[PDB]
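Let us start with two forms of the same protein chain, each given on its own as structure tokens and named structure 1 and structure 2.
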Structure 1
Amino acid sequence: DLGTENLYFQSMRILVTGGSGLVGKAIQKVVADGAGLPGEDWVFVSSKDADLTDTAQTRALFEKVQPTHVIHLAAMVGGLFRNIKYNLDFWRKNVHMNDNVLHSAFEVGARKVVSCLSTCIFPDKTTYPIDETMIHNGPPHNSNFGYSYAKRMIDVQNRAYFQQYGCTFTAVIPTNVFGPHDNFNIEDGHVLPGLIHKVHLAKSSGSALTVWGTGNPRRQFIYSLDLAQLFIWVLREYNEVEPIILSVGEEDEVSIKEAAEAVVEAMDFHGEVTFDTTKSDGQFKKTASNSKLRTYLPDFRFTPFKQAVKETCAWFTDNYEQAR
């Protein structure tokens, strides 16, 4: 329910950082298709509009736009998952970005900010499933600690702004996102868009599909379009400082193998599918509970997985040249 029974409307200016990305582009579509309400001006920006690692440029963007609300998606994110690690660069640039954005929002007097966290913030050693309370219950995985701790500190900023200044800054925690306008780069991208590109190359080359690792790791996937809907809802209706996980349930986890099968079917691929165990498996699970989301939106129906994959595969094929 992204409409309203209200007869009157407030003038809202909604700045969306990282608007040109996977998540941001999904919000644009959902809004452009009529999820936008009267009085709401949606302003989507990218790094062209301002480098958010720079305080002066961020301040200037916020002075120009004067947002009443902020959805904060921007992060320095590539190339995470590459061979050599750059934990200081990722820690320092992301903390600067997050501080610039939250504090400019504070300065302009924004009513609400919703930032985007990641399952990489959760503790390495933890019970399962993981919920929003457990975010700080032990250190994150060492592989990319810099990035993880920078995200965790968004929660700490939100809590501090609330406690001292009364601001309603909060955050959402998506699981693994996929959809149109993803980064489909095979070396640097996530597994699901990477698989879509890999299968596309297997048809164009007539080769076989080589999946990295065992195919055993389990993941919760969420369609960018489903996430966008939940994001707009959170912006309008969710008022806890504590973050909220946006994800399908623990029972709808699927293995990398099952995910590759969904792509193979969707792209109508008949070549061999092999699992290269020489490349390392990542974490086996990062299973998140959506209990909280279910208390707020019990009747919300996610797009079925195979359909969401087909649409994404269809988009990639139809926009191959312009895609990432």
Structure 2
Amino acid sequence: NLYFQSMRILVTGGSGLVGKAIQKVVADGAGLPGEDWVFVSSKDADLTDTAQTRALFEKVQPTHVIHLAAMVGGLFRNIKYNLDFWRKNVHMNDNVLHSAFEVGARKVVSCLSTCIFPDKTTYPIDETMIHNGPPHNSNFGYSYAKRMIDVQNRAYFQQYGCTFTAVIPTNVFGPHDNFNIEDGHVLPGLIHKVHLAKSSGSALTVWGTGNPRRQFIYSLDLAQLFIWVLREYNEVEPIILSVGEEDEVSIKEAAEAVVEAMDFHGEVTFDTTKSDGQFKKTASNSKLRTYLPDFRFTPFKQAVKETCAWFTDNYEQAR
């Protein structure tokens, strides 16, 4: 008898929007034979605590790690607490990457954000420009915390030859998202706002001007890409997992898709008192398209309708 060792994939923050997305895709036929997929949350172990993190990694001895856990929040949450967003995430990313390493994990794929890119820059922004200037002053604590993941990934590789990498998704949306009207992101935040407005018979209030351009990525698409990165992408440099620069949409265009999907025919107003954040974050998927040129993304408006459908179908259980 001759027997080959199985792969143990530990997904940190597996209860989240991206976490639950990867769960669905792996079950829907992405998991290969032998592979054991372990999806954990805060209840499992508080990743800010070093002792709790080292215990989870010594118990579940992973060969592969997908680092999705983080102190996440939308523009109106992360701009209020830049010290907490910095400290907690640096603590978390340190604990996860080091515990993975000392438990002998072969690969670690962490999740970055398009807010890591510099404020004053040229467009489209590629993977080389991640450190070419400071990020936007609003959420710099969270931005620099995610930037330092790449610094760690390059540091582990130069000192130990570690295949620790990262991915840069755009604005993620989809089922099992945080639909809080204050803590959530733009798309989940509006999906709740239209739901309440359609129920109460009230008008829709979109925060900011409504002009900032954003690239949106469906959670189930990102999950498909995330699984591929873990199984084939062996570069230390991160990869931008995003839809084309030509497939960019405005906040007003996104708000219109949410109004269309939920069949809302009330008033739509823009609260210009609220911050608009960054006007453009336009990312280049040129590196992604050299690897997967025939990968087809879910159409924005169809994906929005499905996210709106899931939220109506599952509301009592939703966030």
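Superpose the two forms; the largest set of C-alphas matching within 1.5 Å is the rigid core. Every residue number counts along structure 1's sequence, beginning with 1.
Annotation: the position in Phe184, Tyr161, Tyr86, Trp233 displaced by at least 2 Å at CA between the two structures, with the core superposed, corresponds to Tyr86. Core superposition gives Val211 a CA displacement of 1.1 Å between the two structures. Core-aligned Cα shift between the two structures at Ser280: this is 2.6 Å.
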